[PDB]
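These notes are about the structure you will find just below.
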Amino acid sequence: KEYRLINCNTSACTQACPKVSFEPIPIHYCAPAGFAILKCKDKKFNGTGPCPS
Amino acid sequence: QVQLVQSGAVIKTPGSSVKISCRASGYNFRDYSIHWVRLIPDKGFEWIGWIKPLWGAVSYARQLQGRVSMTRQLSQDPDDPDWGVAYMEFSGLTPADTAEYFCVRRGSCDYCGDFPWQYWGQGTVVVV
Amino acid sequence: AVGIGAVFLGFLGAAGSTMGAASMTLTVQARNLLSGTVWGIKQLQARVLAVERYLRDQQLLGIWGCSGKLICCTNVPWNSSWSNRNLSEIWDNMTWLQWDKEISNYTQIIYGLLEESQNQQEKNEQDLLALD
Amino acid sequence: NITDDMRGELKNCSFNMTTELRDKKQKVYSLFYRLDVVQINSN
Amino acid sequence: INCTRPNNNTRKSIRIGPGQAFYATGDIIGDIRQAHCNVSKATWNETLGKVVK
Amino acid sequence: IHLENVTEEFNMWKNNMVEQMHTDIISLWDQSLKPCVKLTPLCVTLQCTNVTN
Ligand SMILES: *[C@@H]1O[C@H](CO)[C@@H](O[C@@H]2O[C@H](CO)[C@@H](O[C@@H]3O[C@H](CO[C@H]4O[C@H](CO)[C@@H](O)[C@H](O[C@H]5O[C@H](CO)[C@@H](O)[C@H](O)[C@@H]5O)[C@@H]4O)[C@@H](O)[C@H](O[C@H]4O[C@H](CO)[C@@H](O)[C@H](O)[C@@H]4O[C@H]4O[C@H](CO)[C@@H](O)[C@H](O)[C@@H]4O[C@H]4O[C@H](CO)[C@@H](O)[C@H](O)[C@@H]4O)[C@@H]3O)[C@H](O)[C@H]2NC(C)=O)[C@H](O)[C@H]1NC(C)=O
Ligand SMILES: *[C@@H]1O[C@H](CO)[C@@H](O[C@@H]2O[C@H](CO)[C@@H](O[C@@H]3O[C@H](CO[C@H]4O[C@H](CO)[C@@H](O)[C@H](O)[C@@H]4O)[C@@H](O)[C@H](O[C@H]4O[C@H](CO)[C@@H](O)[C@H](O)[C@@H]4O)[C@@H]3O)[C@H](O)[C@H]2NC(C)=O)[C@H](O)[C@H]1NC(C)=O
Ligand SMILES: *[C@@H]1O[C@H](CO)[C@@H](O[C@@H]2O[C@H](CO)[C@@H](O[C@@H]3O[C@H](CO)[C@@H](O)[C@H](O[C@H]4O[C@H](CO)[C@@H](O)[C@H](O)[C@@H]4O)[C@@H]3O)[C@H](O)[C@H]2NC(C)=O)[C@H](O)[C@H]1NC(C)=O
Ligand SMILES: *[C@@H]1O[C@H](CO)[C@@H](O[C@@H]2O[C@H](CO)[C@@H](O[C@@H]3O[C@H](CO[C@H]4O[C@H](CO)[C@@H](O)[C@H](O)[C@@H]4O)[C@@H](O)[C@H](O)[C@@H]3O)[C@H](O)[C@H]2NC(C)=O)[C@H](O)[C@H]1NC(C)=O
Ligand SMILES: *[C@@H]1O[C@H](CO)[C@@H](O[C@@H]2O[C@H](CO)[C@@H](O[C@@H]3O[C@H](CO)[C@@H](O)[C@H](O)[C@@H]3O)[C@H](O)[C@H]2NC(C)=O)[C@H](O)[C@H]1NC(C)=O
Ligand SMILES: *[C@@H]1O[C@H](CO)[C@@H](O[C@@H]2O[C@H](CO)[C@@H](O)[C@H](O)[C@H]2NC(C)=O)[C@H](O)[C@H]1NC(C)=O
Ligand SMILES: *[C@@H]1O[C@H](CO)[C@@H](O[C@@H]2O[C@H](CO)[C@@H](O)[C@H](O)[C@H]2NC(C)=O)[C@H](O)[C@H]1NC(C)=O
Ligand SMILES: *[C@@H]1O[C@H](CO)[C@@H](O)[C@H](O)[C@H]1NC(C)=O
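Chains as they are written, first to last, in PDB author numbering: chain A, 189 to 241; chain B, 1 to 52, 52A, 53 to 76, 76A to 76G, 77 to 82, 82A to 82C, 83 to 100, 100A to 100F, 101 to 111; chain C, 512 to 547, 569 to 664; chain D, 137 to 141, 150 to 185, 187 to 188; chain E, 294 to 309, 312 to 321, 321A, 322 to 347; chain F, 84 to 136.
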């Protein structure tokens, strides 16, 4: 009863480096110069159509 | 965190040679110097030497030359570059050398000198 | 505790205000329009897009009468077929967002008229300083 | 059909080649032109 | 100019490693022939007459 | 900073910046694997058996 790994027939695989982690760190997306980011401050808002605030 | 872990307290004989290790963890070990200092009752502190773990360049106290020796061991892997070990072989043991030994590291601030020893080992008591 | 006028003086703080009241603060929108291993190329092309668009806008001012006045009197009459609204109703009723949709259809006529006016003004000033 | 005077433009070359598995290998053949192969020096 | 290769090749995927494919030549199906190109005699002699002129 | 008397219609479904974030996190996920170890030498015959249990 001899086996092999599954991905051998399609792709050589890459170990993750144990030094780097996978935990989420929060990104803040920022607009460059000459643009702006608007935010809907409304409460009842299905994401389509007018946002009054 | 910055951790300094020494070895246990040891009992030696006169004329012997003690080896004391100092494992350091939690920073890039190749950057900061490691100093060694001693504490004798009724004598206060006394400085022993420093070692720069990048190459191992050492400097000893003048009145301890010929007796002391300092080496280091670096971490050679791309996974744990943080830890390292310092050593101190203190030789020519006399009954006066019964003391508690500390391995220390300076701070990381900009106005920190070398001698403002921030982080301290727990100490190793040597009784001759 | 911050006050309504403080956030009025922020960036885009008068977009719902009347355009007569929004005219008091134009330098804020004009100021946050210039300054603010592979990713350096993306941020670098964003920065040069910003400065190149600012230069296009300053050139379109510069080919007209005003280089850095930020409020520019000029000498082409408003063809009243463009908007057919009264004066005090537009300076006290609408915002700028509401006005742009009213004049989006009648634009690039106005810019060509401004360039023609500036070319005529430069040749008339050339003749005036020529006979002097 | 082979004639001594004539030279074929193709050769039928068999060789060992590695596989997905580093322990195992396979005998496999291909066709090559005369201009891609040279002789290293019976067999 | 009309250039052609009258051979009917069959390629053959040979795996070298994980995700590695070497495309060899399998069997020849049909006649083993020699590739060539064709130009017309009249137009070529005409254009040589032009370039001499 | 708040912005009054304004009615901007939003749309989360034809929204951009979720397209480019889905591009960016994939590309950066790939960029955190280039210094790491390839498991090319490990595609090999395995002689497996049941764990002691
Ligand atoms: C792809 O990869 C494949 C994997 O490697 C590869 O296949 C291998 O290719 C090599 C070389 O081509 C093969 O070696 C040859 O094997 C012949 C087959 O004999 C085997 O099978 C017999 C059963 O039928 C066994 O009995 C035999 O074992 C006996 O012989 C051994 C010989 O050393 C001995 O040690 C054992 O104890 C046992 O007694 C063996 O297992 C084998 O016959 C051949 O030897 C001669 O025979 C041929 C005629 O049949 C000759 O044409 C050939 O050239 C050899 O001549 C040798 O001897 C002459 C007289 O002394 C010399 O003048 C020659 O120079 C030559 O001497 C060379 O070889 C000696 C070893 O034989 C060596 O000691 C010398 O120093 C000198 O180097 C030869 O051993 C191998 O078996 C193949 N393996 C498999 C699994 O097929 C393949 O070639 C690759 N390519 C392709 C396209 O597939
Ligand atoms: C997955 O499968 C692998 C299969 O190889 C397992 O690896 C072997 O596991 C067995 C059992 O777990 C190991 O056998 C034990 O080895 C110990 C250390 O070996 C030294 O001593 C022996 C002498 O017995 C020397 O021959 C050897 O060279 C070493 O110097 C021994 O101490 C053990 O002996 C004890 O148990 C036996 C049971 O019969 C008693 O008779 C003895 O008195 C003693 O109490 C035992 O022999 C073997 O060493 C492992 N091989 C390797 C290469 O590691 C994995 O353990 C398994 N893993 C899991 C999770 O299931
Ligand atoms: C959305 O919100 C904006 C922000 O508040 C709001 O604009 C405001 O509208 C009111 C009128 O509806 C404005 O009040 C007038 O503004 C004009 C501008 O020149 C003034 O001249 C007026 O002064 C007269 O009235 C005074 C007493 O009321 C008299 O003492 C004086 O002598 C004048 O006769 C008057 O102040 C107000 O200024 C604006 N504010 C801004 C920042 O534009 C808008 O109406 C709202 N729209 C909707 C649809 O909700
Ligand atoms: C790389 O190698 C991998 C390991 O072999 C391949 O993964 C497996 O490939 C098989 C196809 O050979 C997939 O399907 C299996 O097929 C056998 C036999 O197929 C018959 O039975 C099924 C049952 O539905 C039927 O649909 C077929 O038409 C045949 O009649 C079955 O016994 C299995 O149960 C299974 O259906 C495997 O699913 C697949 N593994 C996984 C985890 O998906 C892989 O395909 C290879 N890739 C390349 C690119 O070569
Ligand atoms: C101000 O508004 C009036 C609206 O009455 C504009 O007058 C009209 O202008 C258009 C072009 O802008 C004229 O159309 C022209 O028709 C001739 C017919 O041959 C054609 O050859 C031209 O190419 C062009 O399409 C239109 O005739 C004219 N109306 C009248 C009654 O003459 C006026 O141009 C506007 N002013 C400015 C500065 O835009
Ligand atoms: C098989 O091919 C070999 C060479 O690939 C042939 O050997 C020589 O081929 C050249 C031209 O390809 C001829 O000019 C030589 O006369 C050939 N040598 C001999 C001794 O005749 C070989 O003839 C081909 N056929 C066979 C049956 O081996
Ligand atoms: C190159 O090939 C083309 C085919 O694509 C030939 O063009 C045709 O030739 C036949 C003669 O057998 C004429 O009946 C067709 O009318 C041609 N078609 C076109 C679109 O021209 C062409 O003659 C060949 N050239 C040479 C020099 O042989
Ligand atoms: C602007 O002109 C177009 C025709 O070119 C017309 O369809 C559109 O309704 C006009 N816009 C307004 C606000 O009148």
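All residues carry an ideal CB built from backbone N, CA and C; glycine is no exception.
Member of the options whose CA lies at the smallest distance from the CA of residue i
i: C/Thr569; options: F/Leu129, F/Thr135, F/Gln114; result: F/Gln114
i: F/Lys121; options: E/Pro313, E/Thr337, E/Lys347; result: E/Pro313
i: B/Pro76D; options: B/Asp31, B/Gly104, B/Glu81; result: B/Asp31
i: B/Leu4; options: B/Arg23, B/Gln72, B/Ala56; result: B/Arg23
i: A/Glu190; options: F/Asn133, F/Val134, F/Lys117, F/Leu129; result: F/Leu129
i: A/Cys196; options: D/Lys168, D/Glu164, D/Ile138; result: D/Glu164
i: B/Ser25; options: B/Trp76F, B/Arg66, B/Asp42; result: B/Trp76F
i: F/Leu116; options: A/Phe210, A/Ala219, A/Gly222, A/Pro220; result: A/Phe210
i: B/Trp100F; options: B/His35, B/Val18, B/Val77; result: B/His35
i: B/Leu63; options: B/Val93, B/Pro52A, B/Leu73, B/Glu46; result: B/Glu46
i: C/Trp628; options: C/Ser612, C/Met530, C/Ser615; result: C/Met530
i: C/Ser534; options: C/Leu544, C/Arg617, C/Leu523; result: C/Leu523
i: C/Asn611; options: C/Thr639, C/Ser528, C/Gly572, C/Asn543; result: C/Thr639
i: A/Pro220; options: C/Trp623, C/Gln650, C/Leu576; result: C/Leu576
i: B/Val10; options: B/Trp103, B/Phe100D, B/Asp86; result: B/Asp86
Chain F residues whose Cβ lies nearer than 8 Å to that of residue i
i: A/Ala200; result: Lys121, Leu122, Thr123, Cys126
i: A/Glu211; result: Ordered by position in chain F, no residue passes the 8 Å Cβ test against A/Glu211, which lies about 13 Å from the chain.
i: C/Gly524; result: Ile84, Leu86
Identity of the residues DSSP links to residue i by a beta bridge
i: A/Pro238; result: F/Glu92
i: B/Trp47; result: B/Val37
i: B/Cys92; result: B/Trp36
i: E/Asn302; result: E/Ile322
i: D/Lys169; result: D/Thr162
i: B/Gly76G; result: B/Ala24
i: E/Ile307; result: E/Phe317
i: B/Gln6; result: B/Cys22
Check: residue i C-beta below 7 Å from any heavy atom of ligand 1
i: D/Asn185; result: no
i: D/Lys155; result: no
Contact list for residue i against chain D, beta-carbon separation under 9 Å
i: E/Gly312; result: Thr162, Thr163, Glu164, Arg166
i: E/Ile307; result: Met161, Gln170, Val172, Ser174
Residue i: CB within 7 Å of a non-hydrogen atom of ligand 2
i: F/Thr135; result: yes
Check: residue i C-beta below 7 Å from any heavy atom of ligand 7
i: E/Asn295; result: yes
i: E/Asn339; result: no
i: E/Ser334; result: yes
Any non-hydrogen atom of ligand 5 within 7 Å of residue i CB
i: C/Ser615; result: no
i: C/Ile641; result: yes
i: C/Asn637; result: no
i: C/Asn611; result: yes
Amino acids of chain E, ordered along the chain, whose beta-carbon sits closer than 8 Å to that of residue i
i: A/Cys196; result: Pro313
Proximity test, residue i beta-carbon vs ligand 3 heavy atom, cut-off 7 Å
i: C/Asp624; result: yes
i: C/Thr529; result: yes
i: F/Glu87; result: yes
i: C/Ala662; result: no
Heavy atom of ligand 6 within 7 Å of residue i beta-carbon
i: D/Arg151; result: yes
i: E/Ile326; result: no
i: D/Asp180; result: no
i: D/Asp140; result: yes
Per-residue contacts from residue i into chain A (C-beta, under 8 Å)
i: B/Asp76B; result: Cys205, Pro206, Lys207
Within chain C, the residues that residue i reaches when beta carbons sit closer than 8 Å
i: A/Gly237; result: Near A/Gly237 there are no residues of chain C at all, since even the closest Cβ is about 17 Å away, more than 8 Å.
Partner residues on chain A for residue i, Cβ-Cβ distance less than 9 Å
i: C/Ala582; result: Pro220, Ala221, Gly222, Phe223
Partner residues on chain A for residue i, Cβ-Cβ distance less than 7 Å
i: F/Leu116; result: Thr202
i: C/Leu587; result: In chain order: nothing, as chain A lies at least about 12 Å away.
heavy atom of ligand 8 below 7 Å from residue i C-beta
i: C/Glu634; result: yes
Where residue i meets chain C, residues with beta-carbon distance less than 7 Å
i: F/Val89; result: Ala526, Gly527
Inter-stretch contact at 8 Å, needing at least 3 Cβ pairs: the stretch 584–599 of chain C / the stretch 639–650 of chain C: Verdict: yes, contact present.
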